[PDB]
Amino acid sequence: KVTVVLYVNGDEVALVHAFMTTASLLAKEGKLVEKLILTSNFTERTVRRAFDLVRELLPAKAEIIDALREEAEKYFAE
């Protein structure tokens, strides 16, 4: 169980690409994240909507994407 700090430049595209590469990287190592810290220029809403597209475009990792999305919502809940 790991706590991940993620920085993503750019816009919603870079955040969507970074979530896929993260979820696929976590799936290979079998490592699970207990807390996600997201540092970037996007609102809480754009982060949630990004996560939705990650689940749609990468359904084989949808279980990891949903777990990371809850932690991002809980992180942005401060």
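A residue's number is simply how far along the shown sequence it sits, counting from 1.
Set 56-64 against 12-20 and average the Cα temperature factors; 56-64 ends up higher. In the deposited entry, the Cα temperature factor of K28 places it in the highest third of its chain's modelled residues.
Among the modelled residues of its chain, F76 has a C-alpha B-factor that falls in the highest third according to the deposited record. In this PDB entry, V4 carries a Cα temperature factor that places it within the lowest third of its chain's modelled residues. In this PDB entry, the Cα temperature factor of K35 sits in the top third of its chain's modelled residues, the highest group.
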